[PDB]
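# Observations on the three-dimensional arrangement
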Protein chains: 2
Amino acid sequence: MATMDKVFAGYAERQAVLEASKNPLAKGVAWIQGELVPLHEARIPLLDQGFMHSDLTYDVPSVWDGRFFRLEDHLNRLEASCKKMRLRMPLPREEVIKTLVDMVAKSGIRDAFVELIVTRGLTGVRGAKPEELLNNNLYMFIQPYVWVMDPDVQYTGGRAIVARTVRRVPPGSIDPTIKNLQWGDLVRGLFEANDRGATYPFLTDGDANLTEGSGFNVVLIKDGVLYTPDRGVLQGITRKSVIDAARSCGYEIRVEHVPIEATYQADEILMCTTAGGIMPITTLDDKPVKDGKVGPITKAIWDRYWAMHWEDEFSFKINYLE
Amino acid sequence: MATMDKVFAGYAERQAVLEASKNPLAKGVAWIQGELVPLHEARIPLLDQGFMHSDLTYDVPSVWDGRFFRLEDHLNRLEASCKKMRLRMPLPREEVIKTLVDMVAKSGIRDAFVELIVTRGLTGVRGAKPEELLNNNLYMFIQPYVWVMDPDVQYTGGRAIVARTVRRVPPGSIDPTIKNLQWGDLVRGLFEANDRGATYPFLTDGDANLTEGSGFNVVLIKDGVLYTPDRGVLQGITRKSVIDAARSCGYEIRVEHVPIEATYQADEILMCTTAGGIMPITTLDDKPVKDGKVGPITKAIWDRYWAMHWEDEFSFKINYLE
Ligand SMILES: *Cc1c(COP(=O)(O)O)cnc(C)c1O
Ligand SMILES: *Cc1c(COP(=O)(O)O)cnc(C)c1O
């Protein structure tokens, strides 16, 4: 399984079973202070600082065909984000994983979006001593796999703009390697994209370089070489997988500063994210990207990315039997 | 009532009554989808985009001695913030005010922190059509008045640092005139201040100008003239009241770019915010601000700001009798 047709046929088959389910957890499940609740019924304390000041980090691993994909990479990134924020995982890792796998199994969901959120808790940083800020809260949930680009659009590629009315929050305000939900710039980018008849905004760093978009990294392909911005962006696990895939497929990939001009000169463009995978861009600022077709290197990356989902090195099988 | 002793003595007497109250709502009350809930019991949906992507705006008016202070100014600012964010107030203004005054009356709180939050609702911007993003959510709560600087400390002033490890989110990322809860830079500032043995961080715009701090505006006084940053900051209602007070007292106040160097040259420094009022700063970067005492112009502004709380132009009396 890794041509688009094969990957999507498997998804379609599993999705048909899931859409027919009468399981009250089939639309997702949340873990709230040690209790499982259907996702759409889940509630959190008003006073949680994750809401009061978006004072949190989070991470989103995924399950594909009943297999957790790169879960340890996501959990290590979450731990790193927590350390940077002076937060601590409220449960030890074996309990986190045990709980996630139980949630997935109970839901019956085979292709899942999985989110963990660690918040400061009920006491705000403002006016507190460090010792008063150690009771951090954890929220976790799973839901049916989410597509930032629908399967059918991945065949043709999507429409992007380089945002001109907004730029990325600079690392000296918020470190973008700490995964966070402070989406003020990204939401402005989304509205700009919609106003300009596109779906995906690419944000600059306000100094004429490409950064990332609204929840995805961006990779440019130029003369058989892949390029992706180093600074100013989340170091995506999908991006990590694209770096692995490039080397697997025998291409070079450069993680470095990418002048915005390079977007206009690119042979192929793709976006990457856990919620959707490898997402080609074939129109930029209302003009085709080269010939306006999904490029061959993109297709090689696409196939290898998905093939990784069935390899032990990158995934593990969840037991759904209860 | 306008000298510190008199204003704080009134608060202390009301507080003693409030602390002795057995009414569970004396600790605060929230409005959640048309229902009043004790504040610490209040819960919001996990899927609310106000939590999921901090996709919201808010505003914080106040009640002092049973009088709402400049409520219309806060509601107009909240309406202006909503318009900029493509949000709409979920209730008409007469219902908002009626609900807030009912909540205050039920709680018995005479000196109150009041918060209104308007979120995108349960549907995220990413992947939506404009018409799918109109079901916005409202949350409101009141709690006992919050002090960003305690009354006793206001006599002698607090310790600030100019932040060096973080700068303010630029307006080209997030417009700081839209009041918001995306505090990543402000929380970084709070941690830096605590690491450096201070309480209040002043953030620069990353281009050697003063902006604001973690939930307060900053006003410098130099040779009898007041100065406060124009760009890069929330246009505070307390700041508005300081502008009013300055003119009332016969001082000039300039709202303009304030090079960071001016902070070090200032005769007096104050912070201003709804949650605590007029808060003198007497130590900056471990050095006294001039003689290290609360200055005379600060004290004039202080008294006038508080006197405005009993004037009909700026306040209205809540009826607590049921
Ligand atoms: C999560 C995220 C991405 C993609 O990261 P993955 O680990 O590939 O899912 C890209 N940009 C931003 C801003 C993000 O928060
Ligand atoms: C609310 C706020 C202030 C102070 O505004 P007031 O209207 O005086 O309460 C200052 N800075 C920031 C960043 C704020 O959100």
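What counts, and at which threshold
Residues numbered from 1 in each chain as written, not as in the entry; some residues may be left out. Chains lettered and ligands numbered in written order. Heavy atoms only, no water. UniProt positions renumbered as here; feature names shortened; annotations may be inferred. Domains from an automatic or database assignment. Buried area = accessible area lost by both parts, 1.4 Å probe. Salt bridge = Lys/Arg side-chain N within 4 Å of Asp/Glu carboxyl O. Polar contact = N/O pair within 3.5 Å; in protein donor to acceptor, adjacent residues only side chain to side chain. Helix = DSSP H or I, 4+ residues; strand = E, 2+ residues; numbered from the N terminus. Nonpolar A, V, L, I, M, F, W, Y, C, P; charged D, E, K, R; others polar.

Structure determination for this PDB entry is given in the record as X-ray crystallography, at a resolution of 1.68 Å.

If you look chain A up in the PDB entry, it shows as AMINOTRANSFERASE from Nectria haematococca mpvi. In the PDB, the entry goes by the title "The (R)-selective transaminase from Nectria haematococca". UniProt, in the comment section headed Cofactor (unreviewed entry), describes chain A in these words: "pyridoxal 5'-phosphate". You can read under Sequence similarities (unreviewed entry) in the UniProt record for chain A the words "Belongs to the class-IV pyridoxal-phosphate-dependent aminotransferase family."

### A few points about the domain arrangement of chain A
Residues and elements named next belong to chain A. The domain boundaries assigned to chain A delineate domain 1 (1–145) and domain 2 (146–322). Once you take the C-alpha centre of each, domain 1 and domain 2 turn out to be 23 Å apart. Note on domain 1 versus domain 2: buried area summed over both sides is about 4,000 Å², and carbon and sulfur give 63% of it. On the domain 1 side of the interface with domain 2, the three residues burying the most area are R67, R70 and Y145, jointly 20% of the side's total. The tally of links from domain 1 across to domain 2 stands at three salt bridges. A salt bridge links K106 to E322; the shortest N-O distance between them is 3.0 Å. Run the count over domain 1 and domain 2 and you get 21 residue pairs in polar contact. Counting residues per element, the ones that place at least two in the side of domain 1 that touches domain 2 are helix 1 (4–19), strand 4 (56–59), strand 5 (62–64), strand 6 (67–69), helix 3 (71–85), helix 4 (93–107), strand 7 (112–119) and strand 8 (137–144). Residue contributions to the side of domain 1 that touches domain 2 peak at seven residues, all from helix 3. Among the residues making up the side of domain 1 that touches domain 2, the classes are represented as 23 nonpolar, ten polar and eleven charged.

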